[PDB]
Structures are given as structure tokens and as C-alpha cells.
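Chemist: Below are the C-alpha cells for one structure; questions will follow.
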There are 4 protein chains.
Amino acid sequence: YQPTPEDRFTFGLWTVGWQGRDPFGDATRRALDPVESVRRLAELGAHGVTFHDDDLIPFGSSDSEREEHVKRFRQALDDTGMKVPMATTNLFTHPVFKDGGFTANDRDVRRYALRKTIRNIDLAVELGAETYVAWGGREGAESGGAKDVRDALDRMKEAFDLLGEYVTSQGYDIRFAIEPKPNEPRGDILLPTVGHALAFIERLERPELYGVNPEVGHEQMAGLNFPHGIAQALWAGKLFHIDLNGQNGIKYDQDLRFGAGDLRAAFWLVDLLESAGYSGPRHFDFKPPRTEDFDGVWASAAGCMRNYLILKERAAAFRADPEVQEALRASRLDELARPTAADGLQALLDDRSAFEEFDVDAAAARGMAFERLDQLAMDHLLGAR
Amino acid sequence: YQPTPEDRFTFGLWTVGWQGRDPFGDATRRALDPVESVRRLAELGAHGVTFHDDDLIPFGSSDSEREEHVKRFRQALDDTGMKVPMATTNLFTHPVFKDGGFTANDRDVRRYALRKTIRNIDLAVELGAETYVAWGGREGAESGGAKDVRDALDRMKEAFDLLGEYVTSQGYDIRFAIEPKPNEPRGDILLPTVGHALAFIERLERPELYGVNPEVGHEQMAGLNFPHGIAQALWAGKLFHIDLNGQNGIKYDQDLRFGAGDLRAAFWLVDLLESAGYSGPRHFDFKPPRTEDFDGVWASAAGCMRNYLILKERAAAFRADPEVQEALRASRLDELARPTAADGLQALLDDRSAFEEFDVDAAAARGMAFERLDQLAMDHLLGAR
Amino acid sequence: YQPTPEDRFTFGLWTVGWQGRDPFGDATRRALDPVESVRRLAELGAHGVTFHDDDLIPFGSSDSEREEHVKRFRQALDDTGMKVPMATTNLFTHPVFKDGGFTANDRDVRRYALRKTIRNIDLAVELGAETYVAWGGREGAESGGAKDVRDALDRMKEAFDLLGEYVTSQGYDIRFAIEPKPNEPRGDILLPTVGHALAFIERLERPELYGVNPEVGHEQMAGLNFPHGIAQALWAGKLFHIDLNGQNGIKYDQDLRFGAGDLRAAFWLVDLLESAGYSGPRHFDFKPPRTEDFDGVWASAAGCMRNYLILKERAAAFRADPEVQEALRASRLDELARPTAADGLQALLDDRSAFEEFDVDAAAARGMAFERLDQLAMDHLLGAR
Amino acid sequence: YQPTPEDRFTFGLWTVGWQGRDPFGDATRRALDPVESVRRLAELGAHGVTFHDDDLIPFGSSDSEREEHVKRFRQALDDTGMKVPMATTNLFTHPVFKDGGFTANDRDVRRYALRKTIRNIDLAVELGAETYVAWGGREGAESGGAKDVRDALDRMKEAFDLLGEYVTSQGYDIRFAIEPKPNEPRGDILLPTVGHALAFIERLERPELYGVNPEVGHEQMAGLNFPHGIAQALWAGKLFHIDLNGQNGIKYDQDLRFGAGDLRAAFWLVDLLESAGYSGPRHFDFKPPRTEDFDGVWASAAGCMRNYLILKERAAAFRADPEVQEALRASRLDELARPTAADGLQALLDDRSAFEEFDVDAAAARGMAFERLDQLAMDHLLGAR
Ligand SMILES: [Mg+2]
Ligand SMILES: [Mg+2]
Ligand SMILES: [Mg+2]
Ligand SMILES: [Mg+2]
Ligand SMILES: [Mg+2]
Ligand SMILES: [Mg+2]
Ligand SMILES: [Mg+2]
Ligand SMILES: [Mg+2]
């Protein structure tokens, strides 16, 4: 189960680079140099890395220090063959963003947030990124009167519209992906799920430039079914990027390695991404637990990719099994894919077999055979088939 | 705190009519005749009632029994002055709907579900309803292989598109509202939150005919902030109807009387509906607990309306208080309402005060004063101001 | 992965017998005769069955009908070799129990609840049950003033003490197990978790007669770690019985077949039960989904036992793997099992290597190697080792 | 609603002193000197302060620096009249505790954790504390194989037993209180709720020395009813201390000011503490949001005490209202307080009115009148009575 760059596995610099500072504890690991993370990830078989502006260029750096940080980084990409498919902006760490970036109540902060974003979009394009992610982690509230949400959504639309005007006027080939999260670090965060972000995009001036970047653990912090949410994003044509990790239920954002947390949900997610032909990066937004030393960091990163490849094999064996194909027909998955009324409304209204003469008790008695289908899926996941 | 019909309080026949059968227990109350519910609700000050087809006309009735059920009902509306602003279809109780109505795997069930819906739309229009609600309570799955969600969303879009073609071809003045719920009775339900339903509507053929009917307790079953979700529906222009009740956190759907459950969320909800000028029905989808006899049923229904009027008074006193208006300015709510960059992109890019010369430490040190604002809101809610 | 009666798999009559009535829907399956369930479960390899009084003898039966129901049942046990290891009382279905049985506010209901329980204890002993379960599903409240919880706990202690006096005065060899659940059907249920039930038992007059009967899905409805809760019950010597099933997070009680829901938690549970030598029944309290016909019922029941045996094999391979044994030592699980200070308090206080001369930075730098250990466990679960 | 020291309101130095560092953001406020917090809290009307060892004496201080830190602190207590009713140990911040203190897998860490605790117990006694709290925030796991929980509970019992032997051998008048939390910062924390901690205490060598210190928000992170959990702790005689704050549901630990979060639960909590005559400190373990400057910190602290006094007044008016006293009798709260069977088992068994002649349908038809009672409680809370 050996990854290669063709598997398109990517990692944020902030993932393997997390020093282990949590709300109750100091860092347990020293800082990693971005150049060393690139080299170690290349050796594990990764395809590329992603970054926030402040992961790569320390906040407050002079333009001359900035050029030197970028030069060293680009040399490590050249040395390794690693790509940079995605970048994003840190609009959450510095105290100035304590009430948000794009939806801060203070107008001057909002203007600053936009300039900081636009500067990094230029750098992202220079490094070859195709997707620019926005995670509005400070956009939200702990109390009801602090944030008029209609005005805040106006400000959010204004900010994304301005970013769209900027990339189109520069002729940049880059698209935006919104990363939802329901809460943490704010008490409630605006656009809290996949669905809210999809709905918001449809009110932007150029909707074709925006999609979503859903994260496994974030939809599970609302108790939602992550493969279902991804299916709706694929259906809408909006799955531009994805963040893979693990989460044990409704609690703080754990960012466990992918495959930990809800294992059956990981299986159904991989089944869907592979069936649907998702061709974007398989990106891991995860945190090696702060119990670990650096050997544990790299073992945790390797585990992310290993678990994806094991689940990919098991999902492919499931779909290819003639006995499963039979069970899918027994459960009428084929009939779900056929139109309800391609004959049209008037024919439906005239069809007495659809109502006047429909035998409701005979249809009701038909079992769906879902439990046998699900146990076949369990046997495949466990290698008992 | 006396309600009158001008307050537009409405109730489903299934609310005060709930007999108290739960998954573990038999009914504790006898069935109510719809005519007696209309009369008792009118005496309490309600404005009108709502119904599922099967609440008013027992499933399986002949067309002659159907006419008699409707005639009696219409006579009680005439006798009382009660309106029927909304109706909906029962596509969840009968065993034929065990895998869904519009997204059942069996095609013949889906056709039946549409015919059953269209029949009730005609009746709804005849009784004067302006909103037709769809709650897809059986649309979903307990296991991952049972439902291909992309195909199911195709079937869901097909069904709503056909309903839109029907009302437009009949010239009916009625609009549709989707009522989301994340789970129960299915393990996961399709379109599980406000956001997912809003996003789905934008892919329908005639989006202007569809909005949402959010319910307090359902968004709280995903741990989401219900006033925030309503703000996004208002922002999108899609709040066609609302279901008011109470819920204590993430658990089974309690449908407590409005004001029970999360009381501060009820306060902020009423503040928003009244501030924004929502003019639709204030509809209660609630269940008097099965501990209660019929006197407890009517006390519970009266409590719904009482609690709305108390919270309406407290929210109005809050917004009118000069000290609160001062605090809103101290917290820069006024600045949230002003455009970030009405001067445009190029001027933003040339504005050195937005970045090169922006004093990030001075802006960071400014307190938001949200805790003082929130305690003013608490004092108002509690009548300590 | 074939079960036999030696595996001690048991099922409630109410599990495979669930007709599929949920809060929103009518039954989808006809009632099963208890004699046919016994026969079909024996053919699948089960060891025995369990029952509520009202599952076996319809509520309200005459003493003569009661004897006939029991005789037929005992003949099916004789015909099959099936055992009855556990029984329990239905104190939740009939409307008289709408505010509880042992903690109903009405004293006459509480007396009735005790007499109904004592009658079934006699029958349980006659059928050979060794454990008598109490699930206080109606003991609780939807509102804060309805139940003084200190008085209710006095009533709960009174009821269990009286049951203890009854079995000791009759010379019965039977023990009691309390089954916790946090909510549903009441808004909050008294003794909501394993921990609350363990603490309560220690205040009973004869604590040695009472233990717990935890259920997978119920502790997961509070977001708790079920194998951790079972470890604490084993540590206290109180794991008298267990209910096995599956649950997807914090929501209504799903009672999915065992192995569905949180699969990794099922693996760690089986590891613990087998390591610790739990010798009681492996009881499944589950509901075949109401999508299923009777063939799906028996496939779902068979899946419960299959998944236990697969996980038993994988947990045994994990613990027996020399590479895992090495990793357990790398993670210092051996050191966790050794006393912190068998040398005693005074020696600890005099030990300068414990504080004055303890090198806190060297100890802090040691990685725990938990991620490598956890990936070995993942590889074993998935059959990738 | 003015607090005075007689109200026994206390605050941790770490509460108003929280600098606002969260998992995603740097500190927004400078550090406060413990002497200035004592002075400002005294001016607001507080009764006293609490501390972790490392809040008062910076980690790593020499014995000479330690004496100077304590001297300054004691002078501010003398200057203000502020008391120190409780103290506790920081066994979570330093990296050495990354796998726990009392249940760390490494034995040398566990020994160090005990010595660090014993040193602070001596200081606590010198400052007059009567309660010593233990919050085992690092005791737990992110993965199933990392922690054998039976061995860990042996280590936890060993540590608390050694602390009990120490205080008894020194003749100290101090008692221990365990503070449960279900998760955060570990994936699952050992003794996760009130109930688990109560059960654990009963297995200690000297159980009379240990009680619980429950926190509002922590039981609500498991979706549990906090006033119910406090009632069980009072019933067991184990409520030694309490942490008051606010939480909005199942998510990260918010530590909002008391009265925020679940307001009705705050009302029922105050009702119970005052009814039962709890005489310990009313301690606030809360975090002023990092949006706030120092003026917001003190407004947030003042709000904690204000909201307690408002709810105390409303709960007292509720219980004193003759109409509520009538409703309590209508709901048979008086009958809940009377013994089920003070006549004894044999008389219960001979009482035909308890079963053979009990009219189950007449008892079932009696309404509980809980909704009217709950609306009276709502009217009192809102000042509408
Ligand atoms: Mg995350
Ligand atoms: Mg992410
Ligand atoms: Mg509901
Ligand atoms: Mg509703
Ligand atoms: Mg259950
Ligand atoms: Mg059970
Ligand atoms: Mg807390
Ligand atoms: Mg605390």
C-alpha cells in the first residue's frame, strides 16, 4: 500500500508542522523548517504541499526577507518535484482578526484582511496553485447582538466579489473554495456547513469561480453525514478541493489522521470520490497528536495515505463483486437512477397505475434488502471477502 | 400577553392532535376531531390551522367520504373565522413510504408519491393556502450503499420540477417551502439543514417558486445556531414560512412548546423576525408532552403564543433602549453595515492606509465591548431593565 | 465465521420481533410468535433469548392464558436447547407509566410498578434467568419542576431495596443489572450513564446484588467512549450483562445491528471483553430497520453475530502479534501496569529523583509512539496484517 | 443586584487572567498580576479567589522567588479581606504531562505529578483553603490501544489514596473534589461525568475525604442535564464545590460567563442550590471572550454574579408563589416525597389495591399538569409574574 506522487496526496505545512500547542498546553515539538517538511513528505510519497501565507513567510517580514523565504522554498520544490496545488490566507491567528477578517465589525480590519489576501493570491499563482481556499475561522460570534448576520453576509459577499474581480482583471487561472466549519474558535461560525457555503456561492456575482473545500471532521462536528454532503457538492459541480482527516463525533475539532474516527464513513467517502472520478488533490488537514515526537509525526502522515489506499482497494473490490452487483439490483439501486416520469406531467396525471389502481399494500410489503447489502459492504471493508 | 388573530399564530392539526404514541409507548390521549381543534384554537386566539392531507381525510377514504370531511372542516372555518395558510402531504406514515416518497428506490412509489401530493395541492388551493410545505422525512438512509445520493438528488429535483410545472400550468398562486431535518426517522435525511435546502433550490428549473420552512428544533439537532440560519434564509429572500418550537440540544426531535428549550435563542429569533419585518404565519410545530391530559394540551398551545408575545416585548424594549443603541455603536455594529470598499478594487489596492501604513497593533488592542452588550440583552430578557 | 451456542449469543424477543412502528410511521412487519423467533434464532446459532414480561404474556392476560403462553414457550426452549439468561419488566409502554414506574409522582403507580416487577421475577427464576435487567425508560422529565430529583432517587433506592429484600427472602439466585440511557423517550432520564448507575448502586442496602447492563448505543448518545465505560464497570466488578448494537453518533437511539455505527469502538470493545474474560451473555439489543422484510430481519440478526466473531479474530491477532507486543512496550503500556509508589508515601517524599532532581525536559521529549501503535491496530482491523 | 462578600462568589486567577490564546490564535490581552486581580475582584464584590500552583508561582521558580510571590499575594489578601477557599494543581500545561499526570504511562512522570501536587497542598492549607480540586485534564487517550483503562484507574486510585494518606498523616483539615470533563484536551478523558467520578470515589480507601466539583459546561458537553447531575451529587452527600459558567451545547468547552448558554438550566440550578442549602463557594470557572479588552473582562466577571443574583430572586419568587405551590400539588410533587411502601414488602405483596384491584385505566387518564407548572416557571423567570 505504497503511495506515489500519482496518487495526488498533499499536506499543509501546518499539519506535520503543528507544534502541539492546544488551549491547555505548551508546544511539545520544535518548529519545523518548511524546507525540511517538503523533503520529508517527498520521501514518504506525497505529491505536494499547501500553505497559509504566514506558514511560509513569518508575519511582519520585510519584502527582502519575503523573497528569501520564497526562494528557499522554491528550491526545495525543484529539488523534490513537489507541487503546490492550493494556498490560503491566515486571517485567524493575529489578534487584529479577533472579530473576523472579511466580516470584522471594524471596517479598517476588513480592508486590511482583503489586502493581505490579495498579496497571497499573487504568490499562490506564482507557485502554480490552482485553488485558493478561504476558511473564515473568525467570522462569527459568541453572543447574539455582536453580529448582525444579514449585514455580515453582505460584507462576506462584498469581499468574495472583490477577490473575483481581482483574479479576472489579472487574468489569473485560479478558483476559490470555501471551507466550512460550524464552530471553534468562534462560538458559531458563519456558513457553518457544506450546504450553507453552497447556497451562499449562488448569490455571488461570478458563481462559476467559487466551490467548496469540505473537511471530514467539520461536517461531523455538526453530526452530519460527510459522504452525503460531498455527494451534494459533486451534484452541484462544486467539489473543487477536499480536506481529509478523522473525528470522533461532536466535540472540538480533533483533526485526527485520515481513517481514524468514523472508519465506515471514510470507506463510503473513498467509494464516492473514486466512483465519481474526483480528480483533485487528496489533501490531509490533520494534526499529529501532541503525544508524538517527530518519528510519530511522519508515521501519522504515512498512515493518512496508507489508510486511503487500503480503503480504495476495499471499495473497488466491493463494487466489482458480482454478488454485490446482484444485491444492488435486489435493493433497486438501478431503479433509483431511472427517471420518475420521463413520460411527462400529463402522462403521469393520466396514468391510473400511478394512483387509482396502484396496489399500495403490495408495494409496501416488498423488503428493501438493505441489511444484506450493508453486511456485504462490512465483509469487504474487513477483508472477510 | 393576549394573542389575537392579527398576531398570525397558526397550529398544525397534528400538533394539539398528537395522541402521544412514541417509539416506546401507546397513545395517552384520544383522537381529536379536526372540527373541535379548530374551535378550541380559535377561542385561544389563533389565526389559523395547517394540515397534512391524512390529518383531514383518513387514508383510503372514498371520494364521497372525502367531500364530507372537507365540508365539515370548511364549516368550522366559516364558523370561527380561522384561515388555512399552509398545507402539506403525509409521505411518511404509510409503510409504502418506508424508503421515501420522492426518492424511494422503487419508481412506482415515487410516481405514487407525486400523485398523492398533486391531489392535495388542489385541495390546499381550494382552502386558500399560500404555502405548500414538503418535509421529506423518509428521504434518506440508514446505511451507505442503500442510497446513491447523486441519483436521489436527481429524483428530488425531478419531483419538485414536476410540482412547479403543475402549479404554473394550473395558474395557481401557491409557493413551495422545503422543511429540512438532519435525521429521525431515517438515520440521515437528505437536505439536512437550512443551508443544504437553500443550495438545492438554486438548481431547480423555476427557483423563484421555492423557499424554506425551517424549524427551530431541527437546526438545533445539528447543534447549529437557528437565528443565524434564519438570517441567511432572509438574506437570500427565501424565508416563506417558519415552524416554531423548542428543543434541548442534540437528541431526538422533542417538539417542545415554543420558548422551552433554548430560551436565549428564542429571544434572538423573535428579535430578528420582528426587526426584518417577516410577515408570514408564526406557525407552531410542537407536541404537548404525553404526560398531559387535554387541559394540558390547551395550556401548552396557549404557552406557545404567550412566550412569543413576551419575547416580542423584551426584544422591542432592548432595541429601543438608548443605552443599548449606544452599546451597539461602541461595538461597531454601525460599521458592519457600511461597505468595506464602495470606493472599488483599484482604490483599495492604492490605499496605503489599508495595508502598508495600517497600524495592526492599534486596531488589535481595541476591545469589541460585546460582553457589556450581551449583559444588556440579558437584563432586558429577564426584565431587570 | 459461524456462531454456535458456545459463543453465548442472545437476543431479546423484542429485537427480531420489532414490527417497525416508529414515531412517524406504522408497522411494516407483522407480529412474530415468540415460539417462531426461538426456533429461527436457534437455527442461526444463537444460545438463548430474553424477554420483557409483556413480550411473552400479552398485557392484561388471565392467569389461565398466562400459563398457556408460558407452556408453549417452554416447549420451544425444550425443542431447541435455547436458554433464557436474562429477563426484564416492561414499565414503559402502557399509558399508566407515562411519568415513570418506580419514580412516578403518583404513589399508587409506583406500588403497581413494583408488584408487576415482582411477578415477573418469579417467572424469570422459573425459566432459569440469572440476571434481571431494569431499564427505567420513563424515569425522568421534560421540564425542571416536574421531578424533584433527590426525592426521585429516594424512590428509586426504595424500589431497588424492596426488590433486593424480596429475592433474598425467597432465596433466589438472581442478580439485578441497571441499564442506563441518557434520554428518549423522556427529555432526560435518571441515571443517564454507566457512571451514574454505578454510583447509585453503592447507596443501595445490599450493593453486591446490583450491577450494570450498559448498551453500546446509549453511552454513545452522550458522546462517551463505550469501551472506557465498560472498563470502569469491569474495574468495579459490576459488568453483569451487556447490550450490543450500533449507533451513529448523538441522535435518537438507532439500535443498529452490532458492528454498524462506530466500527473502531466495536473492535476495542471486543478486545476488552475477550481480554478481561467476560463470561456473560453477548446480548444484542437491536432493531432490524423497518425497510426490511423478514428475510432482512434474519440477515440482520446473523450479521450481529458474524461481526462479533470477525472482530474477535482481528483483536486476537492484534494482541498476539509480536510487533504489536513490541509497540506496546515502546508506548510504556507495561509501565502503566506497575505501581506508581509501592515503596510508600514516605519513600516517595524522600525520593529526590521524583522532584528535586527529576529532569522534566528529558521526560517531556520522549514520544509516546501512540500513532504507530494505532496504525498497527488499524492494519489488523482491516486485514492488511 | 449588588454582590457582597456574604454571597460567597469566588473566581480563579486563571479566569479574569486568561490572555485569550486559543488553538488558532495568539493572546489578545496582556498578563495580569495576581495582586491586581485580587484588588479588582474585591472591588466588584467577590468573596475570594482560587489558584493553580502555576498561576501564583511561575513554573520553575526558586524557593526564594516562591516565598516572594506568596508574600505579595498574602499582603493583597490582607489588604482586601479576600479569602482563598480552594486551590488546585496544574498537571496539564507543561509538556511533561502530555500523556497525563496521575495516569501517565511513564512511572517517573506519575511520581513527579504526585510530588508537585503534595507541595501545593501544603501551600493551600497555609492560605486557608478547605477544598483541593483535581481536574485530570490530560488523563485519557486519543486512541484505543494507548491506555489500558483498568490499569489507569488502578493508578488513579493509587494517587488519590496516597494524597488521602498524606493529608491524614499531616492532620490537615482539607477535602478533595474531583472535577469531571468528558473530553478536551484529550480525545476522551477518564471519569468523564459527575456519575463516573462519584462511582470512582466509592472505591477509594477513605471515601469520606473525596467529593466532586462539577462544572456547568462540562456536563453539557455530554448533553446531560446539569441540575439533575447536581441533585445526584447532593443526594450522595458529595457536592463539595461547584464551577459556574455557561455553554451552548455539545462543542468545545466555551466557559462563557454564568447565565449565558442554557439560561433555563441556570435557573433550575440556582433553584436547587438555594433550596438544598448548599453553603460552599459559588465559584466561576469562566473565560472572558478574547474579543474583549480589560474593561470587558471586568464587565464579564460582574455579569457572572449579577446573573446568579437575578436568578436567585426569580427562583425564590417561584417557590413562594401560592399559585405555584398549588400547581406543585396538582402535579403530585408532594406524593413523590412520600415513601412508596413504608408499610413494608409483605404488606405490599398482600395489598390487592396495588395490583389485583388497581384500576390501571383510571390512573393512566390522570394528566400530570406539568405544562402549566412549567409555564408558571417561565413567567417567573421572565418577570411576567
Ligand atoms: Mg479541522
Ligand atoms: Mg481544513
Ligand atoms: Mg420537529
Ligand atoms: Mg416542522
Ligand atoms: Mg437502544
Ligand atoms: Mg438495551
Ligand atoms: Mg470548562
Ligand atoms: Mg472548571
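Residues 3-387, in that order, are what chain D shows, numbered as in Swiss-Prot.
Per the header: X-ray crystallography, 1.7 Å.
Cβ from N, Cα, C; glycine included.
Pulled from Swiss-Prot, these are the listed features:
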type: ACT_SITE; residues: D:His54; note: active site
type: ACT_SITE; residues: D:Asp57; note: active site
type: BINDING; residues: D:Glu181, D:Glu217, D:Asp245, D:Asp287; note: Mg(2+) 1 binding site
type: BINDING; residues: D:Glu217, D:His220, D:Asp255, D:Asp257; note: Mg(2+) 2 binding site
Chemist: Cα distance, D:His220 (Mg(2+) 2 binding site) to D:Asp245 (Mg(2+) 1 binding site), nearest Å?
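Modeler: The Cα atom of D:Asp245 (Mg(2+) 1 binding site) is 10 Å away from the Cα atom of D:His220 (Mg(2+) 2 binding site).
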Chemist: Can you give me the same-chain residues 6 or more apart in sequence from D:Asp287 (Mg(2+) 1 binding site) with a CB-CB distance under 8 Å?
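Modeler: The list for D:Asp287 (Mg(2+) 1 binding site) reads D:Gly14, D:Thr17, D:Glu217, D:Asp245, D:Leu246, D:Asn247, D:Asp257, given in order along the sequence.
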Chemist: CB neighbours of D:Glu181 (Mg(2+) 1 binding site) within 10 A?
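Modeler: Around D:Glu181 (Mg(2+) 1 binding site), other Cβ atoms within 10 Å: 22.
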Chemist: Near the Cβ of D:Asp245 (Mg(2+) 1 binding site), how many other Cβ atoms are there if near means within 10 Å?
Modeler: 26
Chemist: What whole-number Å value do you get for the CA-CA distance of D:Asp255 (Mg(2+) 2 binding site) and D:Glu181 (Mg(2+) 1 binding site)?
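Modeler: About 14 Å separates the two Cα atoms.
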Chemist: Looking only at D:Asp57, D:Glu217, which of these recorded positions has the biggest number of Cβ atoms within 10 Å around its Cβ?
Modeler: D:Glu217
Chemist: Among D:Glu217, D:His220, D:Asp245, D:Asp287, which binding-site residues lie by ligand 8, judged by Cβ under 6 Å to any atom?
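Modeler: So the answer is D:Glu217, D:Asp245, D:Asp287.
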Chemist: Anything within 10 Å of D:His220 (Mg(2+) 2 binding site)? Look among the recorded positions D:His54, D:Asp57, D:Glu181, comparing CA atoms, and list what you find.
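Modeler: Among D:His54, D:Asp57, D:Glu181, the ones whose Cα sits within 10 Å of that of D:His220 (Mg(2+) 2 binding site) are D:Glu181.
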Chemist: Measuring Cα to Cα, how many angstrom lie between D:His54 (active site) and D:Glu181 (Mg(2+) 1 binding site)?
Modeler: 14
Chemist: Reported as an integer number of Å, what is the Cα distance between D:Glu181 (Mg(2+) 1 binding site) and D:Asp57 (active site)?
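Modeler: Their Cα atoms are separated by 18 Å.
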Chemist: Within 10 Å of each Cβ, count the other Cβ atoms and name the one among the recorded positions D:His54, D:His220 with the highest count.
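Modeler: In terms of Cβ crowding, the pick is D:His220.
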Chemist: Which chain neighbours of the Mg(2+) 2 site, leaving out D:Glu217, D:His220, D:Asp255, D:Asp257, have a Cβ atom within 8 Å of the mean position of the site's Cβ atoms?
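Modeler: Other same-chain residues near the Mg(2+) 2 site: D:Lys183, D:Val218, D:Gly219, D:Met223, D:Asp245, D:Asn247, D:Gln249, D:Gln256, D:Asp287.
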Chemist: Would you mind checking how many other C-beta atoms are within 10 angstroms of the C-beta on D:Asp257 (Mg(2+) 2 binding site)?
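Modeler: Excluding its own Cβ, the number within 10 Å is 25.
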Chemist: Which residues, in sequence order, are found in the same chain with Cβ within 8 Å of the centroid defined by the Cβ atoms of D:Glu181, D:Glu217, D:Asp245, D:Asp287 at the Mg(2+) 1 site, excluding those residues themselves?
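Modeler: Same chain, not in D:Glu181, D:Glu217, D:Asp245, D:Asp287, Cβ within 8 Å: D:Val135, D:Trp137, D:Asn215, D:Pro216, D:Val218, D:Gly219, D:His220, D:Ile244, D:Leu246, D:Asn247, D:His285.
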